[PDB]
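First the structure, in the form of structure tokens, and then the observations on it.
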Ligand SMILES: CCCCCCCCCCCCCCCCCC(=O)OC[C@H](COP(=O)([O-])OCC(O)COP(=O)([O-])OC[C@@H](COC(=O)CCCCCCCCCCCCCCCCC)OC(=O)CCCCCCCCCCCCCCCCC)OC(=O)CCCCCCCCCCCCCCCCC
Ligand SMILES: CCCCCCCCCCCCCCCCCC(=O)OC[C@H](COP(=O)([O-])OCC[N+](C)(C)C)OC(=O)CCCCCCCCCCCCCCCCC
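Chains as they are written, first to last, in the deposited numbering: chain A2, 456 to 545; chain s, 22 to 145; chain b, 56 to 109; chain d, 29 to 234; chain i2, 55 to 63, 79 to 106; chain c, 51 to 99; chain t, 94 to 458; chain h, 38 to 268; chain q, 45 to 152.
So, in structure tokens, the structure goes:
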């Protein structure tokens, strides 16, 4: 619920949504506090666009989430949450 | 000098004997020790002793036998803030600091090159 | 650089006690008495035979 | 280049981070990880080719399309000089790195000396077999130093067995069924006598 | 739990058991696929 | 008692501390193999990596 | 691949007990020239189960000797013959050693295998350097409860008819008739399907074996006959503290009764500290039992095996002189005195190491 | 291999593993001033300073016979501290000893010093013997180096450095030349070198590479068995 | 007045400081000379010897060395209070003042 919220005049790209929506169902968002989930979305997407640029290209061109992307994505989402400064106490 | 074959072991381990009938009845009670000499063999008391001061004192003795080792000793005993020479690593704090302070220093190297290449001429 | 290393001259000898020897040890223990004892009774008398003497 | 060139770099950082326990160490590990990802970020945008002839033909200002081409090509020739940077980073690394380069070396030399102690013991132990079939003075020669310790006890008249041993296991084995089960007190000498005596208003010092 | 307890009462499988190594179902699948593949 | 305790009384849940004799033997009674092993480990790992 | 090399063959039923060939796995040693070890597995038990024991870096047994994990007759891939006479089964090993060009070998065994190993030293001692027996003793075990179960299971296995019985009918038969988990697993893996899936059968001869056990007479494997004699060489025995096969109370005396050089408990006979568990017979499964067996095995191979009787250890080779009996040498002008006995190379017969070193010795002079 | 099975092995009437205050009938009891006329006791508060001066003496009186050997003075200090640190690091609760562990240990060290003042303490005679054997081996190395000759220790180091190169030139699949692998290579050389001392290397065969040495041998005519009969 | 040094008899020399700057330098040179001292360059006038790998028994060896270099006779009651570099500097001054006023060495 906190993830689906969106501000006004702020559309999101389809590929970016897949990443955020993915982290939610997998349960990784359960670690950080709810009030920090909305800002985590912005920071996570920005972190991906800079460092993980090839990942976004495959999801865009092929339009499918391959297993290689799942392992990479499944590994960075728990990692990033520990990297950024968030309230890890659920 | 001669070393033989690395693969082969000493001939003692390879040389064997076999028994036959009749057999001597006598059972050896003790090992013969006619001459009391056990030189060049280290004591077996030095078996399960934990780390202590003798480890860093003997380390310096062997390090001082090398050129690179003499530098380590002099630098460690003078330029390391430690309350003891028994160094025990249980965290990588001191190790990460030295890496971020070094790998980061080499940042801006590419942006510096871009300045020269881009300041060379104006596309227009 | 390592091959160019050298070795310092060590001391010639340490102190030699004028009243301790290997045969006449100054201090006492049961270890030296054991050596003198087994020299008296001699080493194990190993028999090469297939049956006992008795 | 793009694929597999960063797999090894991830194992090094993972082990480095797993060893971190204190929060301060975890923080510097995060900083280090960012720098690695920053330097290792891949750039793939399909640099497009420019066909100045096509633009020159359709429409363009006289002298412009040609001026852009000759000037564009000049900068394309300029490229990074990887050779120069490769040498400086290899000769001298840094100050802080030298501090731990020499610290971790002495640290390892301390624990390599202990590894050699344990190794050489198991090496000498191959010549030791059947402790129960050695003579008294031959066993003491394997464990060189016990005779010296045994002499010190005798010369100081510490002839109470196990007095200077913190764990007199031999004394516990001999008293498993003893009346008034007790072991000798630590560092007890057969000559020390701490007996006291007092006189009170009552008899027998009571 | 009740129905499970009530119901309670392969070459790669044997070779690994000889080495007394704990093997997961996933590992068994890859080894079988590795041979066939 | 001295022979048995000095060879069988140590345990892993406690620290065994070095004695005077064990200090002199390690530092001033080491053999050639011990001297070679330490320098062998030092040169390979600390110098030649 | 290289370290593991098991010769492949088909069992052949033999009318003559001398035309019997043994087959098994060979484990190559780390070093070029090492003496060989021949190890016999428990009856009806797989040789493969012992491979991780002999190929463990922690133990490092191959650093000492090359290992032949060999199957006795009527077991595994070796030839088949109804007789189980230890003298006949011992001659089989001597032919194997000849065909494989082995002058003399170290013998080992587990359980009944230990008996077979010790029997070879009793009948062929001049070509056996030592014996290492694990949870066995040279004793009549016909009336031990552990043996009866094994004797009982083998009899139940005679009821199954693979032609008519289906795969499921077999699995149900084993679980109900065989309670011991290990024996059950051992027997299952011994079942094999011949080429062309003609039918399934046991790798071991179930008929010849059951008759040996069911008859329960001197030729039975549980029995140790006085005919086997005495073993003159080095022997080391290792068995669990609480073992159904070897009871510490009285089952140690047969060792002294059969092995002349056995000194006794603590020197050549040891027990592994352990709890009461019927599975302790299989030491290779439990690390605690195995680590002790391996250490004792490496000590036997390194210092005691292939060492002259009157010498304590291998350390005494070349420095301890044995007394000589008078009028024991052909030379009449011989001054009798103490001598160090000759210890020969492990395969001096099938090599020319003596002829080669004799030449090198002349070049010195 | 073998563990003590009796769970009550470390039991005493005073508690578990109590070697500081064994239970005895005449137990310590308090004293009251108002009711105490006179007392005879030897306990005092002088053990601390006696623990300090005893160290200074045992150190200074042992250095008289070290001949200025700095490496020996520093080694002896480490050994002297191990002797004074026993009460501070032992499992025994030295602060709960029957009648004062401080006085007990100080009086014990005084008996060691008395022997040290006469240069008759077995630790002293053991240090002299150990050191002389060490310097004889170091001087042997020096005499061989001044002649440009190679020491037996350097020959091993060079032989081990080249073996590492041979073993890692074939270790391409992996690249972790563990300390375990480096060790077994050195031990294998040591075992062959150890056996070489008693049986030196005559030919290309190497140290202890002759089978004929292990054939039947006899004592020389000039050195027969002096201790027993031969036949 | 002679002592063995690496097997050779050498005449021992005694020092007379009588100046504050010379004392601070001697103690540091003394403490830096001890093989147990850590962070020898991090050692200053306000350095706690405990922070440099030194215990009560090491302060004795240091005091024993002060007697060798200066000729003092330090009592056992004074040694256990020397736990900082500042302490050696002030004790050395107190001894020089005592001998300059009382004309004799302090009670040993
Ligand atoms: C003018 C003419 C006059 C002179 C004529 C010339 C005649 C001279 C006579 C010389 C004869 C030849 C000498 C040969 C050697 C000595 C004799 C001998 O048997 O040695 C082999 C005999 C064992 O033979 P072995 O096969 O070579 O040993 C194999 C195993 O190692 C052994 O141990 P194991 O357990 O592994 O194996 C089995 C073991 C099992 O049996 C035993 O081991 C025996 C157990 C004894 C030890 C138990 C503890 C007691 C000893 C404690 C020590 C106390 C004495 C020292 C303390 C005081 C200090 C002096 O041995 C046996 O098989 C049975 C024992 C032999 C048969 C019984 C013999 C009994 C008498 C022997 C002792 C003498 C007692 C004093 C009598 C003299 C009276 C003044 O050695 C001994 O056991 C001890 C020998 C000591 C004998 C001293 C007396 C010498 C005089 C001999 C005369 C004949 C005896 C007269 C006594 C008659 C009483 C009935
Ligand atoms: C032949 C060679 C010569 C041999 C010489 C003598 C060998 C002596 C062997 C050692 C045993 C000595 C006995 C000491 C008593 C030990 C038992 C004990 O402490 O009591 C605890 C006992 C037993 O406690 P317990 O708990 O340990 O055992 C209980 C026993 N069960 C389990 C059966 C209930 O309890 C007490 O507290 C009783 C206290 C009174 C003890 C009486 C001691 C009298 C002797 C002391 C004076 C001797 C000095 C002589 C000096 C002569 C000078 C010239």
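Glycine included, every Cβ here is placed at the ideal spot set by N, Cα and C.
Contact annotation: the segment 161-181 of chain d does not touch the segment 112-122 of chain s, with fewer than three C-beta pairs closer than 8 Å.
In this structure, residue 108 (chain b) has its beta carbon less than 7 Å from a heavy atom of ligand 1.
Only 415, 416, 417, 418 from the segment 410-433 of chain t bring a Cβ to less than 7 Å from some Cβ of chain b.
For the segment 152-222 of chain t, the continuous beta strand (DSSP E) assignments of 3+ residues that do not extend past its boundaries occur at 159-163, 198-203, in sequence order. At least one heavy atom of ligand 2 lies less than 7 Å from the C-beta of residue 209 (chain d). Look at residue 178 (chain h): its C-beta is under 8 Å from a C-beta on chain b. A Cβ-Cβ separation of about 14 Å leaves residue 401 (chain t) out of contact with residue 197 (chain t) under the 8 Å criterion. Rounded to whole angstroms, residue 115 (chain h) and residue 103 (chain h) show a C-alpha spacing of 15 Å. Inter-residue distance for residue 52 (chain c) and residue 201 (chain d) is about 14 Å (C-alpha atoms, whole angstroms). Under the Cβ distance rule, residue 36 (chain s) counts among the residues neighbouring chain h, one pair being separated by less than 8 Å. Per DSSP, residue 74 (chain h) is not a residue of any alpha helix (DSSP H); the beta strand (DSSP E) it occupies stretches across 73-77. When secondary structure is reduced to three states using DSSP, residue 98 (chain q) falls in the coil class, being assigned neither helix nor strand. With fewer than 16 other Cβ atoms inside 10 Å of its own Cβ, residue 428 (chain t) counts as exposed. Contact annotation for residue 98 (chain t) against chain i2: no contact, minimum CB-CB distance about 17 Å [criterion: below 9 Å]. Positions of the alpha helix (DSSP H) runs, each at least 4 residues long and wholly inside the segment 109-156 of chain d, are given as 110-119, 124-152 in order along the chain.
Straight-line measurement puts the Cα of residue 241 (chain t) at about 22 Å from the Cα of residue 319 (chain t). Runs of alpha helix (DSSP H) with 4 or more residues, each lying fully within the segment 58-107 of chain q, are found at 64-77, listed in chain order. Any Cβ of chain c closer than 8 Å to the Cβ of residue 52 (chain s) would place that residue at the interface, and such an atom is absent. Residue contact check for residue 128 (chain q) against chain s: no CB pair falls below 8 Å. Boundaries of the beta strand (DSSP E) harbouring residue 120 (chain t): 117-120, taken from the DSSP string. By the criterion of a C-beta distance shorter than 8 Å, residue 221 (chain t) is surrounded in its chain by 197, 198, 199, 200, 213, 214, 326, once the five residues flanking it on both sides are discounted.
With contacts defined by Cβ atoms closer than 8 Å, residue 87 (chain s) and residue 75 (chain c) do not form a contacting pair.
Interface flag for residue 202 (chain d) against chain h is unset, since no Cβ pair is found closer than 8 Å.
For residue 324 (chain t), the pairing in a beta bridge is given by DSSP as 352 (chain t). Cβ atoms of residue 348 (chain t) and residue 362 (chain t) come within 8 Å of each other, at about 6 Å.
A Cβ-Cβ distance of about 7 Å is found for the pair residue 83 (chain b) and residue 179 (chain d), placing them in contact under the 8 Å criterion.
In this chain, the beta strand (DSSP E) harbouring residue 46 (chain q) covers 46-49. For the segment 395-410 of chain t, the set of residues with a beta-carbon nearer than 9 Å to any beta-carbon of chain s comprises 395, 398, 399, 400, 401, 402, 403, 404, 405, 406, 407, 408, 409, 410, in chain order. Residue 55 (chain q) sits in a strand when the DSSP states are folded into three classes. Residue 62 (chain b) sits exposed, since fewer than 16 C-beta atoms from the chains shown fall within 10 Å of its C-beta.
Against chain i2, a Cβ distance below 9 Å from residue 370 (chain t) picks out nothing, because the smallest value is about 16 Å. In the DSSP assignment, residue 98 (chain t) falls outside any alpha helix (DSSP H) and within the unbroken beta strand (DSSP E) covering 97-99. In the DSSP assignment, residue 78 (chain c) falls within the unbroken alpha helix (DSSP H) covering 70-78. Chain c has a Cβ within less than 8 Å of the Cβ of residue 148 (chain d). Taking 8 Å as the CB threshold, residue 93 (chain b) stays off the interface with chain t. For residue 213 (chain d), the closest of 86 (chain h), 119 (chain h), 135 (chain h) by C-alpha to C-alpha distance is 135 (chain h).
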